[PDB]
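Below is one structure; the comments refer to it alone.
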Amino acid sequence: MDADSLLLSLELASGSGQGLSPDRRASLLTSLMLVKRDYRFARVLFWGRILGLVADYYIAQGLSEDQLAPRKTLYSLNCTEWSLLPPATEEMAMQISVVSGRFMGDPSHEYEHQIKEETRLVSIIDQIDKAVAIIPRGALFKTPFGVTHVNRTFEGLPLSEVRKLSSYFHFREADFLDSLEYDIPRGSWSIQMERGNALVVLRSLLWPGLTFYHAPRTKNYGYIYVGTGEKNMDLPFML
Amino acid sequence: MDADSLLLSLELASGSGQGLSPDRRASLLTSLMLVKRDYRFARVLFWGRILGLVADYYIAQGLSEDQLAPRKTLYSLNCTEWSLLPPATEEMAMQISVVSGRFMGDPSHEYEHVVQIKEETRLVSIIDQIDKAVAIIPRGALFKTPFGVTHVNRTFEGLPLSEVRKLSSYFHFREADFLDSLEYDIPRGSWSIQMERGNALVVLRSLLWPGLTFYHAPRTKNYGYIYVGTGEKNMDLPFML
Amino acid sequence: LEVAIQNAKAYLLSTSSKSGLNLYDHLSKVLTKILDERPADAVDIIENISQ
Amino acid sequence: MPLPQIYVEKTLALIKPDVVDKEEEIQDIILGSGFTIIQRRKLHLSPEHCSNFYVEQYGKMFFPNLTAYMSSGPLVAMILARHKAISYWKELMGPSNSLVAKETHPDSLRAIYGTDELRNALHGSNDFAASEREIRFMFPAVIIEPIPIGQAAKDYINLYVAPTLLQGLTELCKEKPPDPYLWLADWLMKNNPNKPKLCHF
Amino acid sequence: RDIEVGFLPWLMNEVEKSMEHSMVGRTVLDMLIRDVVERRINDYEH
Amino acid sequence: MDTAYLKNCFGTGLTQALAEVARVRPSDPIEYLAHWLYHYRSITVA
């Protein structure tokens, strides 16, 4: 989510209940502004949290012009001390498949199944972005120059279009993006209305902790993954 | 401020430091949302608050489908029971001109400057005097056609930071290239330009009517004004500046 | 090129019966709304002013 | 000019690194005076750029301080345009030498912001043809001039483009290569007469 | 070999015609600006 | 002559190329032509 989600508690307004304290919120505002300074990103959205057993990894994601670029991930344990997380590949996706369990706060932790916790952080954040990173329909407009920009004239979805999974897009490489109605399982997405139905909350069931914010009246949107960081393989049993 | 955007860019976050509690905020959200149903308003605003002496007034407006406030006005001691405040006029404002002091909080209260001037009339006269005019509109937020139709500028993008620092890039909300700018106002220097949290939000403080703070998010279609004050004009502004 | 601009006026638009709109009137309205202070990035906005 | 067409006059306008900090007031006076800004851009001219920008007069203005005052920090260039653009911009500026403008033109921007002869706060077009030359230098790929519809385009092509394009296409005709555009474009890049040959090895 | 007489003369004529068509486009655009804005000041003040 | 081969091969492309170059008047027309031909593929073939 953008900085507008850190001037007000947009995260906890979704009713998921997990988010940032005002301490972390103000610290994150200053730190993500400094990240946009130090790293010349077009925008610096707060990706979310990986709730560990010792400390939580506060995650930020760099956005280029060129928003479907291979987005650059950053991590921080004490919020402000932001550090450039390495990018993800297919080998590191295959590497962590033998490991299961909750994240440890120290990213130097080792698993004997060695495997670094930093590699787990990189791979799990990549998997969450490829699976359940949400963009509402029409928020991004494929520019004729081979580059994706913000559709800066985007009006929020009509309330008729709110209830359809077709009106929401996977924020990744592929109206250009893939819609959520093919995201198997068919019931894998939960759509609910809060705050007088001026608020659409769309939570991932396959990756619990994701909660996508959207205000239909305006263009205020964003997604945050605040959760344990594992994939709910039990989803078809649970549906 | 917009009734749906009251949470966004909170009143206490505007730096004036006077605003609503969560109790009033939730009650005001649902009550203005129902006011959209009860009255045929195109949009409903929270005009602001008047502290008074015994009970606070909570005010709402008021827009028709003109997209420029004529306007109707509502008032309520709580944030639940909204009552239609009848509009002011020249004679009504003439009676309040001999009335001074803070608001009481009882609409049925009378004054002796004698004309039995009701607190209800004092409320509407003060509201329209504030709205005729220290309410603020950013440059380009709305526009007027050659056919006499006002339109909210859907393609508005906020003001650039260069235009933020000038009073020329802000308009009085009252009707008057379409509306009068704030750099035509009396006394000169009556508007305090300010910057909080860097360039995240503009804050304009009215020095004629104390408690009025106008909020504008640069580069974005988030703006609005609110009056949280005493309900009496700071005529003593010339001795300050 | 006076004959050419005469032909240009002559075209715009022998009215397209598929929609009943005119290039002259359509682009005129598009430019009229643009000349109410759209920003320097107005070149990227005409695709949905046309809509 | 006495066509059906109607005409915009355009002028360059610069701010030096000792005045860029007051960019905002200068832009406010520029807009308030009636100018319209077409494009902004932040520059940092190395001495090679300084030697090329004044190339119409760098062969007489042997002032190393004049190169430093473009190179000692960033610049703010603008295209301005309004009714009689160059003369109105000259009227706001005043004399080119700020030492004269300080005492004789109180209203001048150069008096308000400038310091001395070489520390002039502003530089802009002193002539329409000079306006095209400096604007085509500093902001490439921005159309500013009347289009050469007639024989002037043919002369331009025959003097710059054709002496290379003819010979390159001639060799393209001898080879008859597949997907001929690669042969032409790579030939033009490799054997440009106005550039040296690059050996990336 | 002798393309200097063959093909470049045709292409120079085509550059001339394409620039003429471009000028026609610029002219038509300019008439559009006049029409829109003259309709604006005249009707706005009435 | 070799006109017919290059009649078919280039056609509209060189016309638009030198029309744009004459309109722009860059400092290096030849490099501009090469880059424009690259871009012309990048729109047409793709």
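Identifiers in the structure tokens: chain A, B, ... in order shown; residue index from 1 per chain; ligand index from 1 in order shown.
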
Check: which chain B residues lie within 8 Å of chain E using only C-alpha atoms, as a list in words:
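Result, ordered by chain then number: residues 145, 146 and 147 of chain B.
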
DSSP-assigned strand (DSSP E) among region 64-130 of chain D, expressed as a list in words:
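Of region 64-130 of chain D, only residues 75, 76, 77, 78, 79, 80, 81, 122, 123 and 124 of chain D fall in strand (DSSP E).
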
Got a sec: who's within 6 Å of region 10-24 of chain F, counting only C-alpha atoms, leaving out chain neighbours fewer than 6 positions off, as an mmCIF file with N, CA, C and O atoms, in the first residue's frame?
data_model
loop_
_atom_site.group_PDB
_atom_site.id
_atom_site.type_symbol
_atom_site.label_atom_id
_atom_site.label_comp_id
_atom_site.auth_asym_id
_atom_site.auth_seq_id
_atom_site.Cartn_x
_atom_site.Cartn_y
_atom_site.Cartn_z
ATOM 1 N N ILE D 147 7.735 24.884 -40.658
ATOM 2 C CA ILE D 147 8.177 23.646 -41.299
ATOM 3 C C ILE D 147 8.717 23.997 -42.687
ATOM 4 O O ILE D 147 8.041 24.732 -43.421
ATOM 5 N N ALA D 153 13.510 21.994 -47.557
ATOM 6 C CA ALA D 153 13.680 20.619 -47.090
ATOM 7 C C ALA D 153 14.560 19.821 -48.041
ATOM 8 O O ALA D 153 15.403 19.028 -47.601
ATOM 9 N N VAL E 15 8.630 13.158 -50.009
ATOM 10 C CA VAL E 15 8.838 13.954 -48.794
ATOM 11 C C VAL E 15 8.123 15.292 -48.912
ATOM 12 O O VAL E 15 7.520 15.768 -47.942
#

Would you mind listing, as a PDB file with N, CA, C and O atoms, in the first residue's frame, all residues of chain A that have at least one atom within 10 Å of chain C, where only C-alpha atoms are what counts?
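And here is the file that came out, result35.pdb:
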ATOM      1  N   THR A 143       0.582   1.741 -21.457  1.00  0.00           N
ATOM      2  CA  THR A 143       0.897   2.880 -22.311  1.00  0.00           C
ATOM      3  C   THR A 143       1.312   2.384 -23.696  1.00  0.00           C
ATOM      4  O   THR A 143       1.829   1.266 -23.810  1.00  0.00           O
ATOM      5  N   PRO A 144       1.110   3.167 -24.783  1.00  0.00           N
ATOM      6  CA  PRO A 144       1.587   2.716 -26.100  1.00  0.00           C
ATOM      7  C   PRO A 144       3.098   2.542 -26.223  1.00  0.00           C
ATOM      8  O   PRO A 144       3.563   1.902 -27.171  1.00  0.00           O
ATOM      9  N   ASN A 151      -3.191   4.461 -14.379  1.00  0.00           N
ATOM     10  CA  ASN A 151      -4.310   5.095 -15.068  1.00  0.00           C
ATOM     11  C   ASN A 151      -4.782   6.211 -14.151  1.00  0.00           C
ATOM     12  O   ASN A 151      -5.676   6.028 -13.325  1.00  0.00           O
ATOM     13  N   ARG A 152      -4.163   7.378 -14.297  1.00  0.00           N
ATOM     14  CA  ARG A 152      -4.378   8.478 -13.366  1.00  0.00           C
ATOM     15  C   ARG A 152      -5.762   9.116 -13.479  1.00  0.00           C
ATOM     16  O   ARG A 152      -6.118   9.957 -12.644  1.00  0.00           O
ATOM     17  N   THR A 153      -6.544   8.752 -14.498  1.00  0.00           N
ATOM     18  CA  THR A 153      -7.955   9.113 -14.596  1.00  0.00           C
ATOM     19  C   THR A 153      -8.874   7.989 -14.127  1.00  0.00           C
ATOM     20  O   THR A 153     -10.064   8.001 -14.455  1.00  0.00           O
TER      21      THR A 153
END

Spatial neighbours of region 162-164 of chain D, 8 Å, only C-alpha atoms, chain gap at least 6 places, as a PyMOL selection string:
(chain D and resi 188+192-193) or (chain F and resi 30)
